[PDB]
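Residues per chain, in single letters:
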2 protein chains.
Amino acid sequence: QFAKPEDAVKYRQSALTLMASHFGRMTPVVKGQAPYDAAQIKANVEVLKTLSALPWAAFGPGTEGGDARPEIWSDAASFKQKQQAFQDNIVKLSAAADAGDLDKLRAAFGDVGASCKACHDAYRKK
Amino acid sequence: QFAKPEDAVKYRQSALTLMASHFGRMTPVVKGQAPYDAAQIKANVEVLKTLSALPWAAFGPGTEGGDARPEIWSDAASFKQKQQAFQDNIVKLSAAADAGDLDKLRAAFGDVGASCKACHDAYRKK
Ligand code: HEC
Ligand code: HEC
Ligand SMILES: O=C1O[C@H]([C@@H](O)CO)C(O)=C1O
Ligand SMILES: O=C1O[C@H]([C@@H](O)CO)C(O)=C1O
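Within every chain, numbering proceeds from 1 in written sequence order, not necessarily in step with the numbering of the entry, and residues without coordinates do not appear. The naming scheme follows written order: chains are lettered A onward, ligands numbered 1 onward. By convention in this description, side-chain values take in all heavy atoms of the structure and omit both hydrogens and water. Residues with missing side-chain atoms are left out of burial classes, side-chain pairs and their counts.

Per the deposited record, determination of this structure is attributed to X-ray crystallography, with the resolution reported as 1.22 Å.

What follows is the structure, encoded as structure tokens:
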């Protein structure tokens, strides 16, 4: 869907920004600093679910740029396992949110965050 | 969810960018230049549905900036009717996509586009 590689870069950056917001806005809740409203979090995690699937299609062939390391393309199978692990942890977060269980939510939240960082450590420029 | 007004600006700009992409990528399909796969479009419109609800919460009190005109806040009821009309036209687009009907899709697509422009004409800086 991208006329030029820069358009793919702008899309994925925007998608990832929207993820950081829907993920990070729950930090005060999982820390207990803000109240836990199970329905609120269920709805937010549904949004995060949808967003979490979007960036990866914008790293298609020919879309080198931004802060994406070139190894995303030369090690396509590894990069796909980091996105899959992340998306599988998002499924676990959705399950915790759907269950309305704050303990399970904070554990699942931590697993998601670790998956973000694992990908950044390998595939995002400094 | 925004520490500073600039964070709300960056969020809404990112959300709107993701909308322009999920909306605009269907242009070749509604023009007949690309093939119509009803399931493909149904899935894409489901993404657009979700995205279409996101920008508005990032024009909250105190978030003046970007290319948002100040009248968004001083004429809050008018701005809310432009976002509601847009979101109602998104519902009609979802119905067309769910029905798998290209005629209905192209009419609903046109109505959505007109609603984007109507809001821009009143509330987006030049
Ligand atoms: C690899 C499988 C990734 C996972 C999982 C996550 N992110 Fe990431 N992120 C990745 C790359 C390769 C990049 C660079 C993209 C580019 O072309 O520049 C990023 C970038 C971000 C950004 C910055 C976006 C911007 O506005 O420029 C943010 C805020 C970000 N990523 C956040 C984030 C979060 C919160 C994640 C888990 C919920 C996460 N990312 C996962 C690669 C990957
Ligand atoms: C008012 C109810 C709007 C409707 C409906 C749509 N948009 Fe819009 N858009 C609006 C404003 C006030 C702004 C400025 C935001 C800011 O703070 O800068 C915008 C901006 C855009 C952008 C640019 C985003 C960026 O990266 O800076 C795009 C690409 C955009 N809008 C597209 C768009 C489309 C395709 C719409 C219908 C599907 C649409 N917008 C509706 C206000 C409103
Ligand atoms: O909210 C965020 O979480 C991850 C990372 O900090 C998790 O360790 C990230 O990159 C964000 O923007
Ligand atoms: O794809 C788009 O459609 C609207 C407008 O052009 C409809 O007339 C808009 O602002 C986009 O970025």
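Don't stop here, the text continues.
Draft legend 1. Spatial organisation of the interface of chain A and chain B. With 15 residues of chain A at the interface, the matching set in chain B holds 15 residues. When contributions to the side of chain A that touches chain B are tallied by element, the ones reaching two or more residues are α1 (5-24) and α3 (38-52) of chain A. Under the DSSP-based scheme used, a helix requires at least four consecutive residues in state H or I and a strand at least two consecutive residues in state E, with every element numbered from the N terminus. Residue contributions to the side of chain A that touches chain B peak at eight residues, all from α1(A). Charged residues are taken to be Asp, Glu, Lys and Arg, nonpolar residues to be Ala, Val, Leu, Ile, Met, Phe, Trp, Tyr, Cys and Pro, and polar residues to be all remaining types, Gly included. Tallied by class, residues from the side of chain A that touches chain B come to seven nonpolar, six polar and two charged. By the convention used here, residues are in contact when the closest approach between their heavy atoms is within 4.5 Å.

Draft legend 2. Structural context of the site of ligand 3. Residue and element names in this part refer to chain A. Every residue close to ligand 3 is listed here: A20, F23, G113, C116 and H120. Accessibility throughout is a Shrake-Rupley quantity obtained with a 1.4 Å probe, and a residue counts as covered only by protein chains that appear here. When ligand 3 sits alone it has 320 Å² of accessible area, and the protein chains cover 55% of it. Mapped onto the shell around ligand 3, the elements with two or more residues apiece are α1 and α6 (102-123). Among the elements that make up the shell around ligand 3, the one with the highest residue count is α6 (three residues). For the shell around ligand 3, a count of residues per class yields three nonpolar, two polar and no charged. Proximity is defined per residue: if any heavy atom of the residue lies within 4 Å of a molecule or strand, that residue is considered near it.

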